[PDB]
Structure formats: structure tokens, C-alpha cells
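Student: To start, I am sharing the structure in question, which I have written as C-alpha cells.
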Number of protein chains: 2
Amino acid sequence: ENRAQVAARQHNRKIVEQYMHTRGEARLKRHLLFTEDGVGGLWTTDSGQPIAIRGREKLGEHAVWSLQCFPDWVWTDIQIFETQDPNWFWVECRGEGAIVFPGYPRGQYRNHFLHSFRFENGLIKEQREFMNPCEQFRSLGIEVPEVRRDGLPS
Amino acid sequence: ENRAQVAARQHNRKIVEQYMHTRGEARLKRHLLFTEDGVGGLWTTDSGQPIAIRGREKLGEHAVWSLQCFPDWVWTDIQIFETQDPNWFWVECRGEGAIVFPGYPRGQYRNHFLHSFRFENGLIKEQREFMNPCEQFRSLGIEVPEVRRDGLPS
Ligand SMILES: O=C(c1ccc(Cl)cc1)c1c(-c2ccccc2)sc2cc(O)ccc12
Ligand SMILES: O=C(c1ccc(Cl)cc1)c1c(-c2ccccc2)sc2cc(O)ccc12
């Protein structure tokens with residue numbers, strides 16, 4: 001059993017590395033790292049609900065939009081964490097690039113990210129990314145509310 | 001080496017569990033789980049800069065404010081992740097409780113959290129928590145900006 005778990009973790013780690021280093025036109029094929037029913041998306045948004053992309057085919061379609069809205073995106077400072085589950089990895093990283101959202105001025109977006117990767121039969125079953133949406137608001141020129149801190153320790 | 005690493009990870013996991021289960025008046029002693037120079041705090045805020053508490057003594061002072069502003073806070077749905085580093089753990093969880101911030105109406109705050117725990121010689125050297133500040137804005141009655149999605153795929 002341990003030999004099967006070690007083998008799974010070593011293989012899955014390679015897929016995480018491949019995912020995090022996928023850049024440029026290769027992003028059009030990143031959905032091939034998922035199971036057919038795999039899910040990916042952004043779990044931290046202004047609405048409080050994830051923006052989840054369901055299915056390898058929808059993931060491929062999203063990559064088209066991704067390359068338009070984030071045309072030179074790179075992940076940096078990548079740290080991959082294996083876990084006691086050979087099929088579950090976490091990644092801490094930063095990400096940066098131009099942001100070209102419909103109806104907003106072109107901007108530069110930089111943020112800190114956590115990624116969750118869960119695997120099934122050698123491919124990604126669920127990818128989730130977590131960030132602070134306030135930094136994306138800033139990149140789009142959107143005003144960020146400020147919690148008043150006068151009454152708080154400083 | 002393996003034995004020293006396994007020993008570290010088993011002990012450190014117990015500290016993570018104790019931290020995540022600490023509620024009520026026990027929060028006044030949670031800083032004893034840190035090194036003398038340990039750091040804890042919130043890495044995801046409206047400013048984009050962490051609110052970091054530096055030093056075991058300042059962590060204990062912050063616990064006083066924590067119990068005023070988050071008087072009944074509970075961490076729920078706790079999933080602890082060991083990593084390949086016996087001194088580095090991640091936690092996925094939820095948190096809930098009343099939020100009583102100076103100069104805001106009393107609210108009910110619920111959010112999803114990720115915690116990072118790094119250890120040194122049996123105690124926490126660095127704790128960081130990551131969430132989506134938009135849900136804390138909502139609990140405080142603060143208006144959350146909306147990214148316009150008309151131009152985006154749906
Ligand atoms: O960047 C994103 C985003 C980034 C990656 C993924 Cl997988 C999903 C959404 C994003 C939106 C989006 C929706 C559909 C297509 C493209 C972007 S809508 C929105 C709203 C937010 O408050 C924060 C982020 C986003
Ligand atoms: O909840 C927090 C918070 C919670 C935990 C920690 Cl360790 C730090 C800040 C918090 C603030 C705070 C600062 C000092 C004392 C108490 C609250 S100020 C602020 C501002 C934000 O945009 C989001 C959260 C917070």
C-alpha cells in the first residue's frame with residue numbers, strides 16, 4: 001500500500017509542477033491535466049461564491065478567455081506542499097501579469113495565491129485557487145473599502 | 001534523520017490541533033504555543049499588507065482584543081495537512097462568530113480560512129491566516145464592490 005501511495009505522490013507532484021509552470025500558448029492545453037469531469041476555478045471572489053469551471057471541455061474554453069484577460073500571466077515563488085494524502089497537494093505562490101478585463105482600463109495585477117490540487121487516477125480532479133480579491137480590485141481601478149481602525153489596536 | 005523528522009511532525013501536529021481547537025478563555029494562553037519571537041496574524045486585509053503580531057508577548061496582548069472583537073469565535077471543519085517539511089503544516093477550515101468591531105454594528109461573521117503553521121523547536125514560529133476579506137466586509141455592513149461580468153463568459 002505504501003508503495004502505491006509513494007508512486008501516486010511522485011507522479012501527482014510532477015503534474016502540479018507542470019500545471020504551475022504552464023505559460024503562454026501552452027495554457028490552451030492545460031485542461032489535459034484534468035480528469036474528464038475535473039473542476040477548476042477561483043474560490044475567492046467579490047460575491048463570496050466560487051467561480052468554478054466544471055469539466056475538461058469547459059476548462060479548455062476558459063483558457064481561451066484566460067489568455068485574453070491575462071495574456072502574459074506567470075506564477076512565481078512557487079512552493080509545492082505534498083501532504084499525507086498522496087492525492088492532495090497545496091501550492092503557495094505569487095502571480096502577476098497584465099489584466100485586460102472587459103470594460104476596465106488595462107492594468108497590472110499582482111497577488112499572492114494558495115492553490116489546492118486533488119487528484120484521481122493520475123490527473124487533477126479539483127483545482128481551487130485562493131487569493132485576496134482586494135488586490136484584483138486595485139488592479140482594475142476599483143475602490144477598495146477600508147475597515148476603520150481608529151478603535152482597534154495599532 | 002527520519003526518526004527526528006517523524007518525531008517533529010507528530011509533535012507539531014498536536015500543537016496545530018490544540019491551536020485550532022482553542023476557544024473561549026483558553027485563547028488567553030494560546031500565545032504559549034509560540035516561540036518567544038513567534039509571529040502570527042492575518043495575511044489578507046483590505047490594505048494588501050498583513051496585520052502581523054510579532055513576539056509571544058504581543059500575541060498575548062492581542063488575545064485580549066481578540067476576545068473583545070470576536071467573543072465567541074470557533075474554528076470548524078478543520079482539515080490538517082502535514083507536509084514534506086515536518087515543521088510546516090497547512091489547515092483548511094471555516095470560522096464563525098459574532099464580530100464586534102469598534103464603531104460598527106454587531107454582526108455575525110462566517111468565512112473560509114487557510115492557515116499556515118511553521119515550527120521551530122516544538123513551538124509555532126510563524127502562523128498566518130488567509131481568507132476572503134469581502135465576507136468580513138459583509139459582516140460589518142461595508143459595501144463590497146462588484147466586478148462587472150457582462151463582458152465575461154457565463
Ligand atoms: O479573475 C477572475 C477569474 C480568474 C480565474 C478563474 Cl478560473 C475564474 C475567474 C474573475 C472573474 C472571471 C469570470 C469569468 C471569466 C474570467 C474571469 S469575475 C471575478 C470577480 C471577482 O471579484 C474576482 C475575480 C474574478
Ligand atoms: O479581523 C482583523 C484581524 C483579525 C486577526 C488578526 Cl491576528 C489581525 C486582524 C482585522 C483587523 C484588526 C486589527 C487589529 C486588531 C483586531 C482586528 S483590521 C482589519 C481590516 C480588514 O480589512 C480585515 C480584517 C481586519
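Just so we're on the same page: first chain in the C-alpha cells is A, next is B, and so on; residues restart at 1 for each chain, and ligands are numbered from 1 in the order they show up.
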Report as JSON, numbers by chain the set of chain B residues whose atoms approach chain A to within 10 Å, with distances computed over only C-alpha atoms.
Tutor: {"B": [43, 44, 45, 46, 47, 48, 51, 61, 62, 65, 69, 80, 81, 82, 83, 84, 85, 88, 89, 90, 92, 101, 102, 103, 104, 111, 112, 113, 114, 116, 130, 131, 132, 133, 134, 135, 136, 137, 138, 140, 142, 143, 144, 145, 146, 147, 148, 149, 150, 151, 152, 153]}
Student: Would you write out chain B as a tab-separated table (two decimals) with C-alpha atoms, in the first residue's frame, after superposing it on chain A by least squares over all in-order Cα pairs?
Tutor:
chain	number	residue	atom	x	y	z
B	1	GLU	CA	-0.10	0.27	0.02
B	2	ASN	CA	2.88	2.47	0.86
B	3	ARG	CA	4.38	1.76	-2.57
B	4	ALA	CA	1.14	2.66	-4.36
B	5	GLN	CA	0.91	5.83	-2.25
B	6	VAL	CA	4.51	6.88	-2.85
B	7	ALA	CA	4.03	6.23	-6.57
B	8	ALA	CA	0.86	8.33	-6.66
B	9	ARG	CA	2.49	11.23	-4.83
B	10	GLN	CA	5.61	11.32	-7.02
B	11	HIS	CA	3.52	11.31	-10.19
B	12	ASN	CA	0.97	13.82	-8.90
B	13	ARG	CA	3.77	16.18	-7.86
B	14	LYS	CA	5.03	16.25	-11.46
B	15	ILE	CA	1.55	17.27	-12.65
B	16	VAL	CA	1.40	20.08	-10.08
B	17	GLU	CA	4.80	21.34	-11.21
B	18	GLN	CA	3.74	21.21	-14.85
B	19	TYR	CA	0.50	23.07	-14.08
B	20	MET	CA	2.25	25.82	-12.12
B	21	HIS	CA	4.89	26.26	-14.85
B	22	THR	CA	2.37	26.39	-17.72
B	23	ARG	CA	2.55	29.75	-19.48
B	24	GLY	CA	1.75	31.31	-22.83
B	25	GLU	CA	0.21	29.19	-25.54
B	26	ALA	CA	0.71	26.01	-23.51
B	27	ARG	CA	-2.20	27.27	-21.37
B	28	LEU	CA	-4.45	26.13	-24.22
B	29	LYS	CA	-3.66	22.51	-23.31
B	30	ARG	CA	-3.51	22.80	-19.51
B	31	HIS	CA	-6.99	21.26	-19.27
B	32	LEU	CA	-5.44	17.95	-20.40
B	33	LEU	CA	-4.00	17.74	-16.88
B	34	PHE	CA	-7.55	17.22	-15.54
B	35	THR	CA	-9.92	14.30	-15.36
B	36	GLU	CA	-12.82	14.38	-17.82
B	37	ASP	CA	-15.11	15.63	-15.04
B	38	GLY	CA	-12.45	17.73	-13.34
B	39	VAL	CA	-13.20	21.11	-11.82
B	40	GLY	CA	-11.02	24.20	-11.56
B	41	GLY	CA	-11.49	27.81	-10.69
B	42	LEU	CA	-11.29	30.76	-8.33
B	43	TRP	CA	-12.67	30.25	-4.84
B	44	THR	CA	-12.28	33.85	-3.59
B	45	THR	CA	-14.41	36.44	-5.38
B	46	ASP	CA	-16.38	39.57	-4.58
B	47	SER	CA	-19.64	37.59	-4.42
B	48	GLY	CA	-18.41	35.06	-1.86
B	49	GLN	CA	-19.18	32.23	-4.27
B	50	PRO	CA	-16.50	30.38	-6.25
B	51	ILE	CA	-16.22	30.80	-9.99
B	52	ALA	CA	-15.89	27.10	-10.78
B	53	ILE	CA	-15.31	25.64	-14.25
B	54	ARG	CA	-16.78	22.14	-14.49
B	55	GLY	CA	-15.52	19.55	-16.92
B	56	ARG	CA	-12.37	19.18	-18.96
B	57	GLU	CA	-14.03	20.65	-22.06
B	58	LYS	CA	-15.25	23.79	-20.29
B	59	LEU	CA	-11.80	24.19	-18.73
B	60	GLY	CA	-10.35	24.26	-22.24
B	61	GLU	CA	-12.85	26.88	-23.34
B	62	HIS	CA	-12.00	28.96	-20.28
B	63	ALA	CA	-8.33	28.88	-21.32
B	64	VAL	CA	-9.29	30.96	-24.36
B	65	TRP	CA	-10.73	33.67	-22.12
B	66	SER	CA	-7.80	33.33	-19.72
B	67	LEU	CA	-5.37	34.18	-22.53
B	68	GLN	CA	-7.41	37.23	-23.51
B	69	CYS	CA	-7.86	38.65	-20.02
B	70	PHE	CA	-4.54	37.51	-18.49
B	71	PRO	CA	-2.40	37.45	-21.63
B	72	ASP	CA	1.05	37.11	-20.03
B	73	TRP	CA	0.28	35.52	-16.66
B	74	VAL	CA	3.17	33.96	-14.72
B	75	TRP	CA	3.16	32.06	-11.45
B	76	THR	CA	6.28	32.89	-9.42
B	77	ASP	CA	7.75	31.95	-6.04
B	78	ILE	CA	6.26	28.48	-6.30
B	79	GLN	CA	6.37	26.31	-3.18
B	80	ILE	CA	4.72	22.90	-3.58
B	81	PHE	CA	3.47	21.09	-0.47
B	82	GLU	CA	2.92	17.35	-0.49
B	83	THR	CA	0.54	16.12	2.18
B	84	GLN	CA	-0.30	12.92	4.03
B	85	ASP	CA	-2.85	12.35	1.23
B	86	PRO	CA	-0.82	11.36	-1.88
B	87	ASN	CA	-3.70	12.78	-3.94
B	88	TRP	CA	-3.82	16.22	-2.26
B	89	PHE	CA	-1.27	19.00	-2.76
B	90	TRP	CA	-1.15	22.67	-1.79
B	91	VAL	CA	0.87	25.40	-3.50
B	92	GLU	CA	1.86	28.79	-2.13
B	93	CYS	CA	2.94	31.21	-4.84
B	94	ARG	CA	2.63	34.65	-6.35
B	95	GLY	CA	1.16	35.55	-9.70
B	96	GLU	CA	1.62	38.53	-11.95
B	97	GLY	CA	0.61	39.85	-15.33
B	98	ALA	CA	-1.41	42.33	-17.28
B	99	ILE	CA	-5.13	42.31	-16.51
B	100	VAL	CA	-7.34	43.07	-19.51
B	101	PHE	CA	-10.94	42.82	-18.32
B	102	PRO	CA	-13.82	43.92	-20.56
B	103	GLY	CA	-14.73	47.52	-19.87
B	104	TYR	CA	-11.90	48.28	-17.44
B	105	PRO	CA	-8.61	50.05	-18.15
B	106	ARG	CA	-5.70	47.74	-18.85
B	107	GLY	CA	-3.83	47.17	-15.60
B	108	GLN	CA	-0.98	45.29	-13.96
B	109	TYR	CA	-2.18	42.63	-11.51
B	110	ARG	CA	0.00	41.14	-8.77
B	111	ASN	CA	-1.26	38.88	-6.00
B	112	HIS	CA	-0.41	36.15	-3.53
B	113	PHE	CA	-2.10	32.81	-4.15
B	114	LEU	CA	-2.82	29.49	-2.53
B	115	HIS	CA	-3.76	26.55	-4.78
B	116	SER	CA	-5.39	23.25	-3.80
B	117	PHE	CA	-4.90	20.25	-6.11
B	118	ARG	CA	-6.82	16.99	-5.59
B	119	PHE	CA	-6.07	14.04	-7.87
B	120	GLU	CA	-7.89	11.00	-9.21
B	121	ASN	CA	-6.09	8.30	-11.22
B	122	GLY	CA	-3.13	10.44	-12.20
B	123	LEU	CA	-4.93	13.66	-13.14
B	124	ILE	CA	-6.40	16.72	-11.46
B	125	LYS	CA	-9.96	16.18	-10.19
B	126	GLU	CA	-10.26	19.54	-8.40
B	127	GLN	CA	-8.10	22.67	-8.58
B	128	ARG	CA	-9.02	25.70	-6.47
B	129	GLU	CA	-7.16	28.99	-6.16
B	130	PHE	CA	-7.46	31.39	-3.24
B	131	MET	CA	-6.34	35.01	-3.15
B	132	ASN	CA	-7.25	38.39	-1.69
B	133	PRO	CA	-9.69	39.99	-4.15
B	134	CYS	CA	-8.79	43.46	-2.89
B	135	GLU	CA	-5.56	43.34	-4.90
B	136	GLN	CA	-7.51	42.45	-8.04
B	137	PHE	CA	-9.86	45.36	-7.35
B	138	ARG	CA	-6.82	47.64	-7.20
B	139	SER	CA	-5.49	46.35	-10.53
B	140	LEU	CA	-8.86	47.21	-12.11
B	141	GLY	CA	-9.10	50.72	-10.62
B	142	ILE	CA	-11.95	49.66	-8.33
B	143	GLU	CA	-12.11	51.44	-4.97
B	144	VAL	CA	-11.38	49.11	-2.04
B	145	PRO	CA	-13.34	49.74	1.18
B	146	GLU	CA	-11.30	50.41	4.28
B	147	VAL	CA	-12.18	48.99	7.68
B	148	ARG	CA	-11.86	51.85	10.16
B	149	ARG	CA	-9.11	50.96	12.64
B	150	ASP	CA	-9.18	53.90	15.07
B	151	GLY	CA	-10.88	51.79	17.71
B	152	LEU	CA	-8.59	48.83	17.14
B	153	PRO	CA	-5.20	48.28	18.78
B	154	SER	CA	-2.13	49.74	17.10
Student: Could you pull out the alpha helix (DSSP H) residues of range 12-150 of chain B, going by DSSP on the backbone, and write them as an MDAnalysis selection string?
Tutor: chainID B and resid 12:20 56:69 133:139
Student: Export, as a compact mmCIF listing (two decimals), in the first residue's frame, the selected residues with N, CA and C atoms.
Tutor:
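So selection.txt came out as:
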# COMPACT_ATOMS: atom_id res chain seq x y z
N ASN B 12 4.45 18.41 16.32
CA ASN B 12 3.93 19.65 15.76
C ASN B 12 2.46 19.52 15.40
N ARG B 13 2.04 18.34 14.94
CA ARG B 13 0.63 18.17 14.59
C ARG B 13 -0.26 18.35 15.81
N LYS B 14 0.20 17.88 16.98
CA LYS B 14 -0.58 18.04 18.20
C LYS B 14 -0.75 19.52 18.55
N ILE B 15 0.30 20.32 18.32
CA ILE B 15 0.21 21.76 18.58
C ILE B 15 -0.79 22.42 17.63
N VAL B 16 -0.77 22.02 16.36
CA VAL B 16 -1.73 22.58 15.41
C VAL B 16 -3.15 22.25 15.84
N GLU B 17 -3.39 20.98 16.20
CA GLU B 17 -4.71 20.60 16.67
C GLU B 17 -5.12 21.42 17.89
N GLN B 18 -4.21 21.59 18.84
CA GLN B 18 -4.56 22.35 20.04
C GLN B 18 -4.87 23.79 19.69
N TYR B 19 -4.07 24.40 18.81
CA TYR B 19 -4.34 25.77 18.37
C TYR B 19 -5.73 25.88 17.74
N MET B 20 -6.03 25.01 16.78
CA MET B 20 -7.30 25.12 16.07
C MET B 20 -8.50 24.85 16.96
N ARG B 56 5.90 36.70 21.30
CA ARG B 56 4.95 35.97 22.12
C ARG B 56 4.17 36.92 23.03
N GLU B 57 4.83 37.96 23.55
CA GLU B 57 4.15 38.85 24.49
C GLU B 57 3.08 39.70 23.80
N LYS B 58 3.38 40.22 22.60
CA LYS B 58 2.38 40.94 21.84
C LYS B 58 1.24 40.03 21.38
N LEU B 59 1.54 38.76 21.07
CA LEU B 59 0.46 37.83 20.75
C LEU B 59 -0.50 37.69 21.93
N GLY B 60 0.03 37.66 23.15
CA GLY B 60 -0.83 37.52 24.31
C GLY B 60 -1.68 38.75 24.53
N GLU B 61 -1.11 39.93 24.28
CA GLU B 61 -1.90 41.16 24.34
C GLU B 61 -2.98 41.17 23.28
N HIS B 62 -2.66 40.69 22.07
CA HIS B 62 -3.67 40.66 21.02
C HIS B 62 -4.83 39.75 21.39
N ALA B 63 -4.57 38.70 22.18
CA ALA B 63 -5.66 37.80 22.57
C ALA B 63 -6.74 38.54 23.34
N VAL B 64 -6.35 39.56 24.11
CA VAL B 64 -7.33 40.37 24.83
C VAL B 64 -8.28 41.04 23.86
N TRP B 65 -7.72 41.68 22.82
CA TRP B 65 -8.56 42.31 21.81
C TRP B 65 -9.37 41.27 21.04
N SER B 66 -8.75 40.13 20.74
CA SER B 66 -9.46 39.08 20.02
C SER B 66 -10.73 38.68 20.76
N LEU B 67 -10.67 38.56 22.08
CA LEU B 67 -11.83 38.14 22.85
C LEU B 67 -12.87 39.23 22.99
N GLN B 68 -12.49 40.49 22.78
CA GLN B 68 -13.48 41.56 22.75
C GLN B 68 -14.18 41.60 21.39
N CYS B 69 -13.41 41.52 20.31
CA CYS B 69 -13.96 41.74 18.98
C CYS B 69 -14.49 40.47 18.33
N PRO B 133 -11.43 38.83 2.35
CA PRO B 133 -11.93 39.93 3.18
C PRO B 133 -13.33 40.38 2.82
N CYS B 134 -13.81 40.06 1.61
CA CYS B 134 -15.15 40.51 1.25
C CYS B 134 -16.21 39.98 2.20
N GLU B 135 -16.03 38.75 2.71
CA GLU B 135 -17.01 38.24 3.67
C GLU B 135 -16.93 38.97 5.01
N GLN B 136 -15.74 39.45 5.39
CA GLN B 136 -15.68 40.24 6.62
C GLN B 136 -16.30 41.62 6.40
N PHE B 137 -16.11 42.20 5.21
CA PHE B 137 -16.81 43.44 4.89
C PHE B 137 -18.31 43.26 5.07
N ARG B 138 -18.86 42.17 4.53
CA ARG B 138 -20.29 41.93 4.63
C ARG B 138 -20.74 41.86 6.09
N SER B 139 -19.97 41.17 6.93
CA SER B 139 -20.36 41.04 8.34
C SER B 139 -20.38 42.38 9.05
Student: For the strand (DSSP E) assignment from backbone DSSP, which residues of range 47-117 of chain B qualify? Please present them as number ranges by chain.
Tutor: B: 51-54, 74-81, 88-99, 107-117
Student: Filtering to N, CA, C and O atoms, could you give me those residues as a tab-separated table (two decimals), in the first residue's frame?
Tutor:
chain	number	residue	atom	x	y	z
B	51	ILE	N	-1.58	42.01	8.73
B	51	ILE	CA	-1.60	42.51	10.10
B	51	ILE	C	-0.90	41.45	10.93
B	51	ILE	O	-1.50	40.44	11.32
B	52	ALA	N	0.39	41.65	11.17
B	52	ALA	CA	1.24	40.66	11.82
B	52	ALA	C	1.49	41.09	13.26
B	52	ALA	O	1.75	42.26	13.53
B	53	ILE	N	1.41	40.13	14.17
B	53	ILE	CA	1.69	40.35	15.59
B	53	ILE	C	3.02	39.68	15.90
B	53	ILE	O	3.15	38.47	15.72
B	54	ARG	N	3.99	40.45	16.37
B	54	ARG	CA	5.37	39.98	16.47
B	54	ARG	C	5.78	39.79	17.92
B	54	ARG	O	5.88	40.76	18.68
B	74	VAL	N	-15.27	30.31	16.80
B	74	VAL	CA	-15.00	28.88	16.68
B	74	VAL	C	-14.43	28.60	15.30
B	74	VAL	O	-14.94	29.10	14.29
B	75	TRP	N	-13.38	27.78	15.25
B	75	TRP	CA	-12.94	27.16	14.01
B	75	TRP	C	-13.65	25.83	13.81
B	75	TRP	O	-13.62	24.97	14.71
B	76	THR	N	-14.25	25.63	12.64
B	76	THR	CA	-14.97	24.42	12.32
B	76	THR	C	-14.39	23.78	11.06
B	76	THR	O	-13.59	24.38	10.34
B	77	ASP	N	-14.83	22.55	10.78
B	77	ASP	CA	-14.48	21.88	9.52
B	77	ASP	C	-12.97	21.82	9.33
B	77	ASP	O	-12.45	22.08	8.24
B	78	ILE	N	-12.27	21.47	10.39
B	78	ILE	CA	-10.81	21.55	10.41
B	78	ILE	C	-10.23	20.36	9.67
B	78	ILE	O	-10.50	19.20	10.01
B	79	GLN	N	-9.40	20.64	8.66
B	79	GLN	CA	-8.61	19.64	7.97
B	79	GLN	C	-7.15	20.04	8.09
B	79	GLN	O	-6.75	21.08	7.56
B	80	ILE	N	-6.35	19.22	8.77
B	80	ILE	CA	-4.93	19.50	8.96
B	80	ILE	C	-4.13	18.76	7.90
B	80	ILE	O	-4.33	17.56	7.67
B	81	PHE	N	-3.20	19.48	7.27
B	81	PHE	CA	-2.33	18.91	6.25
B	81	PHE	C	-0.88	18.93	6.74
B	81	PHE	O	-0.28	20.00	6.89
B	88	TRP	N	6.25	22.31	8.85
B	88	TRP	CA	5.33	23.16	8.11
B	88	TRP	C	4.02	22.42	7.90
B	88	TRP	O	4.01	21.33	7.31
B	89	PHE	N	2.93	23.02	8.37
B	89	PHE	CA	1.58	22.47	8.27
B	89	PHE	C	0.68	23.50	7.62
B	89	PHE	O	0.89	24.71	7.75
B	90	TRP	N	-0.35	23.03	6.92
B	90	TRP	CA	-1.44	23.87	6.46
B	90	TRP	C	-2.75	23.34	7.02
B	90	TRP	O	-2.90	22.15	7.27
B	91	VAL	N	-3.69	24.25	7.23
B	91	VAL	CA	-5.03	23.91	7.71
B	91	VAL	C	-6.05	24.57	6.81
B	91	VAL	O	-5.97	25.78	6.57
B	92	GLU	N	-7.02	23.80	6.33
B	92	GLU	CA	-8.21	24.35	5.70
B	92	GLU	C	-9.36	24.23	6.70
B	92	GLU	O	-9.55	23.17	7.30
B	93	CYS	N	-10.10	25.31	6.89
B	93	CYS	CA	-11.18	25.27	7.86
B	93	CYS	C	-12.18	26.39	7.56
B	93	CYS	O	-12.02	27.17	6.61
B	94	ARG	N	-13.24	26.42	8.35
B	94	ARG	CA	-14.13	27.56	8.40
B	94	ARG	C	-14.05	28.17	9.79
B	94	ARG	O	-13.53	27.57	10.73
B	95	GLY	N	-14.52	29.40	9.89
B	95	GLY	CA	-14.60	30.07	11.17
B	95	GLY	C	-15.90	30.84	11.26
B	95	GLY	O	-16.44	31.29	10.25
B	96	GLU	N	-16.41	30.97	12.48
B	96	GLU	CA	-17.66	31.67	12.67
B	96	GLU	C	-17.75	32.28	14.06
B	96	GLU	O	-17.26	31.71	15.03
B	97	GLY	N	-18.43	33.42	14.14
B	97	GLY	CA	-18.72	34.00	15.43
B	97	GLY	C	-19.24	35.40	15.26
B	97	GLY	O	-19.28	35.96	14.16
B	98	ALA	N	-19.67	35.97	16.38
B	98	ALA	CA	-20.03	37.38	16.39
B	98	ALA	C	-18.80	38.21	16.06
B	98	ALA	O	-17.67	37.87	16.43
B	99	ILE	N	-19.02	39.32	15.35
B	99	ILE	CA	-17.97	40.30	15.11
B	99	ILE	C	-18.40	41.60	15.77
B	99	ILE	O	-19.50	42.12	15.50
B	107	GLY	N	-22.28	42.14	14.35
B	107	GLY	CA	-22.62	41.30	13.23
B	107	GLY	C	-22.32	39.84	13.52
B	107	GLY	O	-21.82	39.49	14.58
B	108	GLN	N	-22.65	39.00	12.53
B	108	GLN	CA	-22.28	37.59	12.54
B	108	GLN	C	-21.33	37.38	11.37
B	108	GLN	O	-21.68	37.66	10.22
B	109	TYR	N	-20.14	36.88	11.66
B	109	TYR	CA	-19.08	36.72	10.67
B	109	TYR	C	-18.83	35.24	10.43
B	109	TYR	O	-18.58	34.49	11.37
B	110	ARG	N	-18.92	34.83	9.16
B	110	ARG	CA	-18.58	33.48	8.74
B	110	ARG	C	-17.59	33.59	7.59
B	110	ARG	O	-17.77	34.42	6.69
B	111	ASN	N	-16.56	32.74	7.58
B	111	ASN	CA	-15.63	32.76	6.46
B	111	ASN	C	-14.90	31.44	6.35
B	111	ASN	O	-14.89	30.62	7.27
B	112	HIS	N	-14.32	31.24	5.17
B	112	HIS	CA	-13.43	30.13	4.89
B	112	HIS	C	-12.00	30.60	5.11
B	112	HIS	O	-11.65	31.74	4.75
B	113	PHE	N	-11.18	29.74	5.70
B	113	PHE	CA	-9.83	30.11	6.07
B	113	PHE	C	-8.81	29.06	5.64
B	113	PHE	O	-9.08	27.85	5.66
B	114	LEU	N	-7.62	29.54	5.31
B	114	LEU	CA	-6.42	28.72	5.23
B	114	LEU	C	-5.42	29.25	6.25
B	114	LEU	O	-5.21	30.46	6.34
B	115	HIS	N	-4.81	28.34	7.02
B	115	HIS	CA	-3.77	28.68	7.97
B	115	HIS	C	-2.46	27.99	7.59
B	115	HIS	O	-2.45	26.82	7.19
B	116	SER	N	-1.37	28.73	7.74
B	116	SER	CA	-0.01	28.23	7.61
B	116	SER	C	0.64	28.22	8.99
B	116	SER	O	0.58	29.22	9.70
B	117	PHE	N	1.25	27.09	9.37
B	117	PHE	CA	1.96	26.97	10.64
B	117	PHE	C	3.38	26.49	10.36
B	117	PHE	O	3.57	25.38	9.85
